[PDB]
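With mmCIF, C-alpha atoms and all ligand atoms inside, this is run23.cif:
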```
data_start
#
loop_
_atom_site.label_atom_id
_atom_site.label_comp_id
_atom_site.auth_asym_id
_atom_site.auth_seq_id
_atom_site.Cartn_x
_atom_site.Cartn_y
_atom_site.Cartn_z
CA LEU M 114 33.75 8.43 -70.57
CA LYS M 115 30.70 6.67 -69.15
CA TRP M 116 28.49 3.57 -69.05
CA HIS M 117 26.22 2.98 -72.04
CA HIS M 118 23.59 1.12 -70.03
CA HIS M 119 21.71 2.22 -66.93
CA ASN M 120 21.13 -1.13 -65.22
CA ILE M 121 24.54 -1.42 -63.58
CA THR M 122 25.60 -4.55 -61.67
CA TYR M 123 28.09 -5.03 -58.84
CA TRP M 124 29.85 -7.92 -57.14
CA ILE M 125 31.22 -7.91 -53.59
CA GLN M 126 34.07 -10.39 -54.04
CA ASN M 127 35.31 -10.36 -50.44
CA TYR M 128 35.21 -8.66 -47.07
CA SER M 129 37.25 -6.84 -44.44
CA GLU M 130 37.92 -8.34 -41.04
CA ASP M 131 36.90 -5.06 -39.34
CA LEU M 132 33.12 -5.29 -39.78
CA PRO M 133 30.30 -7.88 -40.09
CA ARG M 134 29.21 -9.00 -43.57
CA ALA M 135 25.76 -7.53 -43.04
CA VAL M 136 27.12 -4.10 -42.13
CA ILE M 137 29.38 -4.07 -45.18
CA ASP M 138 26.68 -5.16 -47.65
CA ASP M 139 24.40 -2.42 -46.27
CA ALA M 140 27.07 0.30 -46.41
CA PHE M 141 27.80 -0.41 -50.08
CA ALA M 142 24.10 -0.50 -50.94
CA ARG M 143 23.39 2.85 -49.20
CA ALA M 144 26.37 4.32 -51.05
CA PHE M 145 24.99 3.27 -54.43
CA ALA M 146 21.58 4.61 -53.37
CA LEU M 147 22.95 8.16 -53.11
CA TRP M 148 23.73 8.21 -56.84
CA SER M 149 20.68 6.40 -58.16
CA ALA M 150 18.56 8.92 -56.25
CA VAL M 151 19.65 11.74 -58.57
CA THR M 152 19.92 9.82 -61.85
CA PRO M 153 18.11 7.20 -63.98
CA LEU M 154 20.72 4.59 -62.99
CA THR M 155 19.93 1.45 -60.98
CA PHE M 156 22.30 -0.96 -59.21
CA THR M 157 21.89 -4.73 -58.98
CA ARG M 158 23.91 -7.06 -56.79
CA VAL M 159 25.13 -10.17 -58.59
CA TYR M 160 27.57 -12.93 -57.62
CA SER M 161 29.78 -13.34 -60.70
CA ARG M 162 32.76 -11.81 -62.52
CA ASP M 163 30.20 -10.71 -65.10
CA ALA M 164 29.33 -7.72 -62.87
CA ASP M 165 30.18 -4.23 -64.14
CA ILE M 166 31.62 -3.07 -60.83
CA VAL M 167 33.67 -5.64 -58.89
CA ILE M 168 34.45 -4.73 -55.26
CA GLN M 169 37.52 -6.05 -53.46
CA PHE M 170 39.44 -5.51 -50.20
CA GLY M 171 43.20 -6.05 -50.38
CA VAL M 172 46.58 -5.29 -48.81
CA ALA M 173 49.80 -4.21 -50.55
CA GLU M 174 50.07 -6.05 -53.87
CA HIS M 175 46.66 -7.38 -54.86
CA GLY M 176 46.56 -8.04 -58.60
CA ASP M 177 46.66 -4.89 -60.74
CA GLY M 178 49.81 -2.81 -60.99
CA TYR M 179 48.80 -0.59 -58.11
CA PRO M 180 49.68 -1.84 -54.63
CA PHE M 181 48.32 -0.10 -51.52
CA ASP M 182 50.68 1.62 -49.05
CA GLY M 183 49.83 0.19 -45.62
CA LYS M 184 48.11 2.20 -42.87
CA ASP M 185 46.95 5.70 -43.85
CA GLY M 186 47.82 7.54 -47.04
CA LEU M 187 45.91 6.25 -50.06
CA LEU M 188 42.64 4.83 -48.73
CA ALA M 189 41.33 3.20 -51.91
CA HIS M 190 41.11 3.49 -55.69
CA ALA M 191 38.82 2.71 -58.60
CA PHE M 192 38.85 2.72 -62.40
CA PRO M 193 36.78 4.64 -65.01
CA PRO M 194 33.88 2.90 -66.85
CA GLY M 195 34.82 0.14 -69.31
CA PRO M 196 35.40 -3.65 -69.62
CA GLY M 197 37.54 -5.90 -67.43
CA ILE M 198 39.16 -4.20 -64.45
CA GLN M 199 37.64 -0.89 -65.62
CA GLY M 200 34.94 0.30 -63.25
CA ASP M 201 36.14 -1.82 -60.31
CA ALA M 202 36.77 -0.44 -56.79
CA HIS M 203 39.39 -1.64 -54.30
CA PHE M 204 39.77 -0.78 -50.62
CA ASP M 205 42.99 -0.88 -48.61
CA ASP M 206 42.39 -3.29 -45.73
CA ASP M 207 45.47 -2.16 -43.84
CA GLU M 208 43.20 0.75 -42.84
CA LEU M 209 40.77 0.51 -39.91
CA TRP M 210 37.27 0.57 -41.45
CA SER M 211 34.32 1.76 -39.39
CA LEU M 212 31.26 4.03 -39.65
CA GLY M 213 30.16 7.39 -38.25
CA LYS M 214 31.95 9.48 -35.63
CA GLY M 215 35.12 8.03 -34.09
CA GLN M 391 38.50 6.61 -35.03
CA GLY M 392 39.04 4.78 -38.31
CA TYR M 393 37.69 5.73 -41.74
CA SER M 394 34.04 5.66 -42.81
CA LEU M 395 33.56 2.80 -45.29
CA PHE M 396 30.25 4.40 -46.36
CA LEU M 397 31.73 7.78 -47.29
CA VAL M 398 34.82 6.35 -48.98
CA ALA M 399 32.69 3.92 -51.02
CA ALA M 400 30.46 6.78 -52.18
CA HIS M 401 33.57 8.58 -53.49
CA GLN M 402 35.01 5.46 -55.16
CA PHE M 403 31.70 4.71 -56.88
CA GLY M 404 31.70 8.28 -58.16
CA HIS M 405 34.82 7.43 -60.14
CA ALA M 406 33.44 4.07 -61.31
CA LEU M 407 30.58 6.07 -62.86
CA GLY M 408 32.89 8.43 -64.71
CA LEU M 409 33.19 11.38 -62.36
CA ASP M 410 36.50 13.19 -61.93
CA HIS M 411 37.96 14.96 -58.88
CA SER M 412 36.24 18.18 -57.79
CA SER M 413 37.83 21.47 -56.76
CA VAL M 414 35.16 22.14 -54.15
CA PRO M 415 36.94 21.11 -50.91
CA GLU M 416 33.49 20.37 -49.51
CA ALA M 417 32.29 18.27 -52.46
CA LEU M 418 32.34 14.48 -52.03
CA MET M 419 34.56 14.13 -55.10
CA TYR M 420 37.20 16.32 -53.44
CA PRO M 421 40.54 14.37 -53.46
CA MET M 422 41.09 14.40 -49.69
CA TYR M 423 39.20 12.49 -46.99
CA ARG M 424 37.02 14.42 -44.54
CA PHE M 425 34.23 13.06 -42.34
CA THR M 426 30.78 14.65 -42.46
CA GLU M 427 27.26 14.12 -41.14
CA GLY M 428 24.08 14.78 -43.11
CA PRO M 429 23.72 14.51 -46.95
CA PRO M 430 27.08 13.51 -48.55
CA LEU M 431 26.52 14.83 -52.09
CA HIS M 432 27.30 18.48 -52.71
CA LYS M 433 25.48 20.37 -55.47
CA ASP M 434 28.74 20.14 -57.46
CA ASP M 435 28.58 16.32 -57.32
CA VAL M 436 24.92 16.26 -58.34
CA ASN M 437 25.50 18.50 -61.35
CA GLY M 438 28.51 16.49 -62.42
CA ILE M 439 26.68 13.16 -62.45
CA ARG M 440 23.57 14.61 -64.09
CA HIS M 441 25.74 16.01 -66.85
CA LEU M 442 26.88 12.48 -67.77
CA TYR M 443 23.63 10.59 -67.26
CA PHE Q 110 16.34 -0.52 -12.36
CA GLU Q 111 15.21 2.88 -11.08
CA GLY Q 112 16.78 3.69 -7.71
CA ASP Q 113 17.20 7.01 -5.90
CA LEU Q 114 20.94 7.29 -5.13
CA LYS Q 115 23.83 9.19 -6.73
CA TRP Q 116 27.60 8.73 -6.50
CA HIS Q 117 29.29 10.38 -3.52
CA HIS Q 118 32.59 10.83 -5.38
CA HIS Q 119 33.30 12.54 -8.70
CA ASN Q 120 36.26 10.45 -9.89
CA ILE Q 121 34.35 7.53 -11.34
CA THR Q 122 36.16 4.48 -12.68
CA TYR Q 123 35.06 1.92 -15.26
CA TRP Q 124 36.21 -1.46 -16.44
CA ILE Q 125 35.49 -3.02 -19.83
CA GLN Q 126 35.24 -6.66 -18.80
CA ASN Q 127 34.76 -8.14 -22.27
CA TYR Q 128 33.86 -7.34 -25.88
CA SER Q 129 31.35 -8.02 -28.65
CA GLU Q 130 32.41 -9.93 -31.77
CA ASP Q 131 30.85 -7.31 -34.10
CA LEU Q 132 33.49 -4.58 -33.87
CA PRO Q 133 37.27 -4.17 -33.30
CA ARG Q 134 38.27 -3.67 -29.67
CA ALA Q 135 39.77 -0.26 -30.55
CA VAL Q 136 36.45 0.94 -31.98
CA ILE Q 137 34.62 -0.26 -28.86
CA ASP Q 138 37.05 1.37 -26.40
CA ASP Q 139 36.75 4.64 -28.31
CA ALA Q 140 32.94 4.47 -28.44
CA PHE Q 141 32.66 4.01 -24.66
CA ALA Q 142 35.16 6.80 -23.99
CA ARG Q 143 33.26 9.22 -26.24
CA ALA Q 144 30.04 8.21 -24.47
CA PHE Q 145 31.41 9.14 -21.03
CA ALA Q 146 32.81 12.41 -22.45
CA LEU Q 147 29.26 13.57 -23.17
CA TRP Q 148 28.50 13.64 -19.46
CA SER Q 149 31.81 14.90 -18.06
CA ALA Q 150 31.54 17.83 -20.46
CA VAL Q 151 28.52 19.24 -18.58
CA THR Q 152 29.46 18.25 -15.01
CA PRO Q 153 32.42 18.13 -12.57
CA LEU Q 154 32.63 14.34 -12.99
CA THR Q 155 35.62 12.54 -14.55
CA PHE Q 156 35.96 8.96 -15.77
CA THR Q 157 39.02 6.74 -15.45
CA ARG Q 158 39.52 3.39 -17.15
CA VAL Q 159 40.88 0.68 -14.86
CA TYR Q 160 41.40 -3.09 -15.22
CA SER Q 161 40.20 -4.59 -11.95
CA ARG Q 162 36.77 -5.60 -10.66
CA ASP Q 163 37.15 -2.72 -8.22
CA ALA Q 164 35.86 -0.26 -10.82
CA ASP Q 165 32.63 1.60 -10.05
CA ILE Q 166 31.13 0.87 -13.47
CA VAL Q 167 31.72 -2.59 -14.91
CA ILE Q 168 30.84 -3.04 -18.59
CA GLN Q 169 29.85 -6.43 -19.96
CA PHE Q 170 28.44 -7.98 -23.17
CA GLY Q 171 26.20 -10.98 -22.56
CA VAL Q 172 23.78 -13.47 -24.11
CA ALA Q 173 20.46 -14.57 -22.59
CA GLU Q 174 20.95 -15.26 -18.85
CA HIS Q 175 24.34 -13.77 -17.90
CA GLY Q 176 24.64 -13.56 -14.15
CA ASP Q 177 22.08 -11.26 -12.58
CA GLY Q 178 18.42 -12.16 -12.62
CA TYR Q 179 17.43 -10.40 -15.85
CA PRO Q 180 18.31 -12.36 -19.01
CA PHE Q 181 18.32 -10.69 -22.42
CA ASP Q 182 15.75 -11.64 -25.07
CA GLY Q 183 17.67 -12.46 -28.26
CA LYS Q 184 17.69 -10.16 -31.32
CA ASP Q 185 15.78 -6.87 -30.95
CA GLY Q 186 13.51 -5.94 -28.09
CA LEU Q 187 15.56 -5.14 -24.99
CA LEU Q 188 18.87 -3.66 -26.18
CA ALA Q 189 20.67 -3.34 -22.84
CA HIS Q 190 20.23 -2.35 -19.19
CA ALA Q 191 22.11 -0.74 -16.30
CA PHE Q 192 21.80 -0.35 -12.53
CA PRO Q 193 21.56 2.82 -10.36
CA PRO Q 194 24.60 4.03 -8.35
CA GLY Q 195 25.76 1.79 -5.50
CA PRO Q 196 28.14 -1.06 -4.54
CA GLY Q 197 28.63 -4.40 -6.25
CA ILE Q 198 26.48 -4.91 -9.35
CA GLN Q 199 24.97 -1.44 -8.82
CA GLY Q 200 26.17 1.01 -11.46
CA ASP Q 201 27.14 -1.68 -14.00
CA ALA Q 202 26.02 -1.67 -17.64
CA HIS Q 203 25.24 -4.77 -19.72
CA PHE Q 204 24.75 -4.97 -23.50
CA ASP Q 205 22.84 -7.73 -25.32
CA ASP Q 206 25.26 -9.32 -27.78
CA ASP Q 207 22.49 -11.05 -29.69
CA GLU Q 208 22.06 -7.57 -31.22
CA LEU Q 209 24.09 -6.36 -34.20
CA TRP Q 210 26.26 -3.53 -32.86
CA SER Q 211 27.49 -0.85 -35.23
CA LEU Q 212 27.89 2.96 -35.47
CA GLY Q 213 26.39 5.74 -37.59
CA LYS Q 214 23.63 5.39 -40.17
CA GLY Q 215 22.82 1.92 -41.43
CA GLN Q 391 21.49 -1.37 -40.10
CA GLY Q 392 22.21 -2.48 -36.56
CA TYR Q 393 22.18 -0.33 -33.41
CA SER Q 394 24.64 2.43 -32.50
CA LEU Q 395 26.87 1.21 -29.64
CA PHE Q 396 27.77 4.86 -28.98
CA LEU Q 397 24.22 6.14 -28.52
CA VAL Q 398 23.02 3.15 -26.47
CA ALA Q 399 26.08 3.36 -24.17
CA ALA Q 400 25.40 7.07 -23.58
CA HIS Q 401 21.87 6.16 -22.43
CA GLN Q 402 23.03 3.27 -20.20
CA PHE Q 403 25.68 5.46 -18.57
CA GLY Q 404 22.95 7.97 -17.83
CA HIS Q 405 21.27 5.35 -15.64
CA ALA Q 406 24.60 4.36 -14.10
CA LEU Q 407 24.93 7.99 -12.94
CA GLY Q 408 21.47 8.06 -11.36
CA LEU Q 409 19.24 9.49 -14.10
CA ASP Q 410 15.74 8.12 -14.67
CA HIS Q 411 13.78 7.96 -17.94
CA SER Q 412 12.70 11.23 -19.59
CA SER Q 413 9.28 12.07 -21.06
CA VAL Q 414 10.66 14.20 -23.88
CA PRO Q 415 10.80 12.21 -27.17
CA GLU Q 416 13.87 14.19 -28.23
CA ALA Q 417 15.79 13.46 -25.00
CA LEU Q 418 18.55 10.84 -24.86
CA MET Q 419 17.00 9.36 -21.72
CA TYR Q 420 13.76 8.68 -23.62
CA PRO Q 421 12.96 4.92 -23.16
CA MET Q 422 12.81 4.22 -26.92
CA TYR Q 423 15.82 3.82 -29.22
CA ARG Q 424 16.11 6.40 -32.01
CA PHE Q 425 19.13 7.16 -34.15
CA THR Q 426 20.30 10.75 -34.43
CA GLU Q 427 23.16 12.82 -35.80
CA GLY Q 428 24.63 15.88 -34.09
CA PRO Q 429 24.75 16.47 -30.27
CA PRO Q 430 23.06 13.57 -28.41
CA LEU Q 431 22.17 15.34 -25.15
CA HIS Q 432 18.94 17.33 -25.01
CA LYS Q 433 18.54 20.22 -22.54
CA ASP Q 434 16.34 17.94 -20.50
CA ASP Q 435 19.25 15.52 -20.11
CA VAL Q 436 21.69 18.33 -19.24
CA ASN Q 437 19.37 19.82 -16.61
CA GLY Q 438 18.76 16.37 -15.17
CA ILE Q 439 22.42 15.52 -14.67
CA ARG Q 440 23.40 18.96 -13.32
CA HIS Q 441 20.58 18.67 -10.81
CA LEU Q 442 22.28 15.65 -9.26
CA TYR Q 443 25.91 16.74 -9.60
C1 LIG M 501 43.75 10.27 -45.45
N1 LIG M 501 44.22 10.07 -46.84
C2 LIG M 501 43.79 10.80 -47.92
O1 LIG M 501 42.95 11.73 -47.88
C3 LIG M 501 44.46 10.36 -49.30
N2 LIG M 501 43.38 10.38 -50.37
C4 LIG M 501 42.69 9.28 -50.77
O2 LIG M 501 42.89 8.14 -50.27
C5 LIG M 501 41.62 9.46 -51.90
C6 LIG M 501 40.19 8.91 -51.50
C7 LIG M 501 39.40 9.56 -50.33
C8 LIG M 501 39.02 11.03 -50.66
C9 LIG M 501 38.08 8.83 -50.16
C10 LIG M 501 42.21 8.66 -53.13
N3 LIG M 501 41.38 8.68 -54.35
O3 LIG M 501 41.37 9.77 -55.06
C11 LIG M 501 40.63 7.64 -54.75
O4 LIG M 501 39.96 7.64 -55.73
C12 LIG M 501 45.72 11.27 -49.72
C13 LIG M 501 46.85 11.26 -48.64
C14 LIG M 501 45.35 12.79 -49.94
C15 LIG M 501 46.33 10.80 -51.07
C1 LIG M 502 14.72 -1.13 -30.41
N1 LIG M 502 14.37 -1.40 -28.99
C2 LIG M 502 13.98 -0.45 -28.09
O1 LIG M 502 13.87 0.77 -28.35
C3 LIG M 502 13.67 -1.02 -26.63
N2 LIG M 502 14.36 -0.11 -25.63
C4 LIG M 502 15.47 -0.41 -24.95
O2 LIG M 502 16.07 -1.51 -25.07
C5 LIG M 502 16.00 0.64 -23.97
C6 LIG M 502 17.44 1.18 -24.36
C7 LIG M 502 17.61 2.00 -25.68
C8 LIG M 502 16.87 3.35 -25.56
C9 LIG M 502 19.07 2.37 -25.86
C10 LIG M 502 16.03 -0.13 -22.60
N3 LIG M 502 16.45 0.67 -21.47
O3 LIG M 502 15.67 1.64 -21.12
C11 LIG M 502 17.58 0.46 -20.77
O4 LIG M 502 17.93 1.10 -19.84
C12 LIG M 502 12.10 -1.13 -26.31
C13 LIG M 502 11.35 -2.05 -27.34
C14 LIG M 502 11.34 0.26 -26.35
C15 LIG M 502 11.85 -1.68 -24.89
CA CA M 503 46.74 3.10 -47.17
CA CA M 504 34.67 -4.05 -64.37
CA CA M 505 41.45 -3.33 -41.89
CA CA M 506 33.34 5.74 -36.46
CA CA M 507 17.68 -7.99 -27.43
CA CA M 508 29.42 -1.58 -9.89
CA CA M 509 26.44 -9.21 -31.67
CA CA M 510 25.32 1.95 -38.72
ZN ZN M 511 43.76 -2.29 -56.93
ZN ZN M 512 39.29 10.01 -55.85
ZN ZN M 513 22.39 -7.85 -16.82
ZN ZN M 514 16.77 3.23 -20.18
#
```
Same coordinates, now as structure tokens:
Amino acid sequence: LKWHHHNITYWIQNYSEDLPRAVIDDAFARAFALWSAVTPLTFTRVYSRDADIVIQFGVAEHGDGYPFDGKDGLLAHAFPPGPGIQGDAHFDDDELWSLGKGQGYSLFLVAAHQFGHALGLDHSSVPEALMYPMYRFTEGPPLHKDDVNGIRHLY
Amino acid sequence: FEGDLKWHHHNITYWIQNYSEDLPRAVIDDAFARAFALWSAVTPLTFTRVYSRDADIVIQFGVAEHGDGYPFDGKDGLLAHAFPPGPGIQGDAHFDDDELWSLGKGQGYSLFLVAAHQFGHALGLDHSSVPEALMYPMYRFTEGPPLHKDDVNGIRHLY
């Protein structure tokens, strides 16, 4: 299951109260940049519901039939490629979002993982691969050779 | 802002007078605490957070002219400044809030790394000549351990 076009679009519907708009826009862009670096895909920011990947921050019940569970636990979730809600990525705003070393969760790293799913990737079994199902902070290049092979296999 | 005195006690106290609007107070408290930890790890010094003006190191975020006689210059340029050990304003650290404060890779400047540098001055350290050193006068983002051997030797020499 994957996208049939390579010029993918995204829409940042809203923001979190934890960080400045500029920091959030940048974090999402750098996250998309990791993937386009190893594939023929490109990512374009738009401002309408016509975008392939719609990004949203929410708490508890927020629309779909999948409410978040308050602080900690599930950090976020996304859907596989397709029309409508498919391909979208949502982030639990009951979590403390930040960047780098320190308390709170890295928005940059979590976004990179969520976008992996929105592109068609599944969970990895390599505990050190980005697509590994459990959160873990890391410095340096985020994508493990397992992630790179997985995306290249699809696109 | 380059004196020649050190602190005569090792139980240093600090007070976070106010905050920046760019990050949650919890993220800021944590960033400052981790910054001080860098230095207490390689010396016999300790740092205690207090809530009165009687603290040795008072931390403040300001815009343009903010009290002393050295106003900030708006976005970019001078990021922050601190004063050498001593009484009153001496030892304090000020951050320019016209800057976009953040953490890690990305746009904006790392509050963590800049604080580490300012606290170095607040402890008595001068500027280094080694490009890789934290006390180097130019801002540069880096991952991994912030303190260079030059910084470690410099602090141990005083304390
Ligand atoms: C601290 N919580 C977790 O690690 C949590 N896992 C998640 O929230 C996953 C995303 C992280 C790896 C970025 C959920 N996910 O698979 C999203 O697509 C659990 C407590 C292990 C469930
Ligand atoms: C981006 N701006 C700079 O690198 C700026 N340097 C500073 O503001 C120094 C602090 C940085 C290294 C955290 C000022 N300082 O030495 C304070 O004690 C210059 C453009 C190089 C002046
Ligand atoms: Ca949660
Ligand atoms: Ca969609
Ligand atoms: Ca939040
Ligand atoms: Ca952090
Ligand atoms: Ca400035
Ligand atoms: Ca003082
Ligand atoms: Ca600011
Ligand atoms: Ca950053
Ligand atoms: Zn959802
Ligand atoms: Zn996942
Ligand atoms: Zn000042
Ligand atoms: Zn300096």
Please list as a PyMOL selection string every residue within 10 Å of segment 155-169 of chain Q, counting all atoms listed in the file and excluding residues in the same chain fewer than 3 positions away. chain Q and resi 116+118-129+138+141-142+145-146+148-150+152+175+191-192+194-206+399+403+406-407
May I ask you to write as number ranges by chain all residues lying at most 7 Å from ligand CA 509 (chain M), with all atoms listed in the file counted? Q: 129-131, 206-210
Identify every residue of chain M that has at least one atom within 10 Å of any atom of chain Q, counting all atoms listed in the file, and report the result as a PyMOL selection string. chain M and resi 130-140+142-143+209-215+391-392+394+396+427-428
As a count of residues only, please: the residues near residue 114 of chain M (cut-off 10 Å, all atoms listed in the file, same-chain neighbours under 6 positions excluded). 7
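Taking only C-alpha atoms and all ligand atoms into account, every polymer residue with at least one atom at most 6 Å away from ligand CA 503 (chain M) is listed here: residues 181, 182, 183, 184, 185, 186, 187, 188 and 205 of chain M.
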As a quick test: using all atoms listed in the file, which residues lie no more than 7 Å away from ligand LIG 502 (chain M)? Give them as a list in words. residues 185, 186, 187, 188, 189, 190, 191, 397, 398, 401, 402, 405, 420, 421, 422 and 423 of chain Q
So what do you get for atom CA of residue 121 of chain M versus atom CA of residue 421 of chain M, distance-wise?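 Atom-to-atom, atom CA of residue 121 of chain M and atom CA of residue 421 of chain M are spaced 24.7 Å apart.
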Just the number, please: distance in Å from atom CA of residue 403 of chain M to atom CA of residue 148 of chain M, one decimal. 8.7 Å
Counting only C-alpha atoms, note down every residue that has an atom within 10 Å of the point (43.5, -6.5, -52.6) (file coordinates), as a compact mmCIF listing (two decimals) with C-alpha atoms, in the frame of the given file.
```txt
# COMPACT_ATOMS: atom_id res chain seq x y z
CA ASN M 127 35.31 -10.36 -50.44
CA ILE M 168 34.45 -4.73 -55.26
CA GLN M 169 37.52 -6.05 -53.46
CA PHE M 170 39.44 -5.51 -50.20
CA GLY M 171 43.20 -6.05 -50.38
CA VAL M 172 46.58 -5.29 -48.81
CA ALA M 173 49.80 -4.21 -50.55
CA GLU M 174 50.07 -6.05 -53.87
CA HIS M 175 46.66 -7.38 -54.86
CA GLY M 176 46.56 -8.04 -58.60
CA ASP M 177 46.66 -4.89 -60.74
CA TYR M 179 48.80 -0.59 -58.11
CA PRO M 180 49.68 -1.84 -54.63
CA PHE M 181 48.32 -0.10 -51.52
CA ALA M 189 41.33 3.20 -51.91
CA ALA M 202 36.77 -0.44 -56.79
CA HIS M 203 39.39 -1.64 -54.30
CA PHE M 204 39.77 -0.78 -50.62
CA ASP M 205 42.99 -0.88 -48.61
CA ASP M 206 42.39 -3.29 -45.73
CA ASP M 207 45.47 -2.16 -43.84
```
Show me which residues line ligand LIG 501 (chain M), defined as having an atom within 8 Å of a ligand atom where only C-alpha atoms and all ligand atoms count, and present them as a short mmCIF file (atom, residue, chain, number, x, y, z; two decimals) with C-alpha atoms, in the frame of the given file.
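Written file, out23.cif:
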```
data_model
loop_
_atom_site.label_atom_id
_atom_site.label_comp_id
_atom_site.auth_asym_id
_atom_site.auth_seq_id
_atom_site.Cartn_x
_atom_site.Cartn_y
_atom_site.Cartn_z
CA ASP M 185 46.95 5.70 -43.85
CA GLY M 186 47.82 7.54 -47.04
CA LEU M 187 45.91 6.25 -50.06
CA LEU M 188 42.64 4.83 -48.73
CA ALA M 189 41.33 3.20 -51.91
CA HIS M 190 41.11 3.49 -55.69
CA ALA M 191 38.82 2.71 -58.60
CA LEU M 397 31.73 7.78 -47.29
CA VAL M 398 34.82 6.35 -48.98
CA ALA M 399 32.69 3.92 -51.02
CA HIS M 401 33.57 8.58 -53.49
CA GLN M 402 35.01 5.46 -55.16
CA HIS M 405 34.82 7.43 -60.14
CA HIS M 411 37.96 14.96 -58.88
CA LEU M 418 32.34 14.48 -52.03
CA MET M 419 34.56 14.13 -55.10
CA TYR M 420 37.20 16.32 -53.44
CA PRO M 421 40.54 14.37 -53.46
CA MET M 422 41.09 14.40 -49.69
CA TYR M 423 39.20 12.49 -46.99
CA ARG M 424 37.02 14.42 -44.54
#
```
What gap, in Å, lies between atom CA of residue 162 of chain M and atom CA of residue 178 of chain M?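 Between atom CA of residue 162 of chain M and atom CA of residue 178 of chain M the gap works out to 19.3 Å.
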Around all listed atoms of segment 123-141 of chain Q, padded 5 Å per side, what centre and edge lengths does the axis-aligned box have in Å to one decimal, as AutoDock Vina command-line options?
```
--center_x 35.3 --center_y -2.6 --center_z -24.7 --size_x 18.9 --size_y 24.6 --size_z 28.8
```
Residues proximal to (24.9, 15.6, -24.7) were defined as those with any atom within 10 Å of that point in the file's coordinates, counting only C-alpha atoms. Which are they, as a PyMOL selection string? chain Q and resi 144-151+400+417-418+428-436
How would segment 127-138 of chain M read, as an mmCIF file, in the coordinates of the input, once N, CA, C and O atoms are built in?
```
data_model
loop_
_atom_site.group_PDB
_atom_site.id
_atom_site.type_symbol
_atom_site.label_atom_id
_atom_site.label_comp_id
_atom_site.auth_asym_id
_atom_site.auth_seq_id
_atom_site.Cartn_x
_atom_site.Cartn_y
_atom_site.Cartn_z
ATOM 1 N N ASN M 127 34.895 -9.962 -51.770
ATOM 2 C CA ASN M 127 35.310 -10.360 -50.440
ATOM 3 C C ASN M 127 35.037 -9.298 -49.401
ATOM 4 O O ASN M 127 34.454 -8.254 -49.703
ATOM 5 N N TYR M 128 35.454 -9.573 -48.169
ATOM 6 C CA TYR M 128 35.210 -8.660 -47.070
ATOM 7 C C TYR M 128 36.422 -8.291 -46.227
ATOM 8 O O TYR M 128 37.496 -8.868 -46.355
ATOM 9 N N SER M 129 36.221 -7.306 -45.362
ATOM 10 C CA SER M 129 37.250 -6.840 -44.440
ATOM 11 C C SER M 129 37.012 -7.524 -43.106
ATOM 12 O O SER M 129 35.876 -7.888 -42.767
ATOM 13 N N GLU M 130 38.075 -7.702 -42.335
ATOM 14 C CA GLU M 130 37.920 -8.340 -41.040
ATOM 15 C C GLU M 130 37.455 -7.369 -39.957
ATOM 16 O O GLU M 130 37.202 -7.781 -38.826
ATOM 17 N N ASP M 131 37.314 -6.088 -40.310
ATOM 18 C CA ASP M 131 36.900 -5.060 -39.340
ATOM 19 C C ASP M 131 35.400 -4.949 -39.039
ATOM 20 O O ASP M 131 35.014 -4.430 -37.986
ATOM 21 N N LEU M 132 34.563 -5.405 -39.959
ATOM 22 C CA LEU M 132 33.120 -5.290 -39.780
ATOM 23 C C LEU M 132 32.377 -6.548 -40.222
ATOM 24 O O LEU M 132 32.898 -7.353 -40.979
ATOM 25 N N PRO M 133 31.137 -6.724 -39.743
ATOM 26 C CA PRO M 133 30.300 -7.880 -40.090
ATOM 27 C C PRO M 133 29.860 -7.803 -41.557
ATOM 28 O O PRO M 133 29.699 -6.709 -42.109
ATOM 29 N N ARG M 134 29.650 -8.958 -42.177
ATOM 30 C CA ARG M 134 29.210 -9.000 -43.570
ATOM 31 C C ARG M 134 27.984 -8.137 -43.806
ATOM 32 O O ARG M 134 27.933 -7.370 -44.769
ATOM 33 N N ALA M 135 27.003 -8.270 -42.918
ATOM 34 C CA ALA M 135 25.760 -7.530 -43.040
ATOM 35 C C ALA M 135 25.942 -6.013 -43.030
ATOM 36 O O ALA M 135 25.251 -5.297 -43.743
ATOM 37 N N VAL M 136 26.864 -5.529 -42.210
ATOM 38 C CA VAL M 136 27.120 -4.100 -42.130
ATOM 39 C C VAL M 136 27.781 -3.615 -43.415
ATOM 40 O O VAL M 136 27.479 -2.531 -43.909
ATOM 41 N N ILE M 137 28.683 -4.428 -43.952
ATOM 42 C CA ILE M 137 29.380 -4.070 -45.180
ATOM 43 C C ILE M 137 28.446 -4.069 -46.383
ATOM 44 O O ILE M 137 28.456 -3.115 -47.165
ATOM 45 N N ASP M 138 27.629 -5.112 -46.534
ATOM 46 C CA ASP M 138 26.680 -5.160 -47.650
ATOM 47 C C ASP M 138 25.806 -3.896 -47.630
ATOM 48 O O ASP M 138 25.622 -3.227 -48.648
#
```
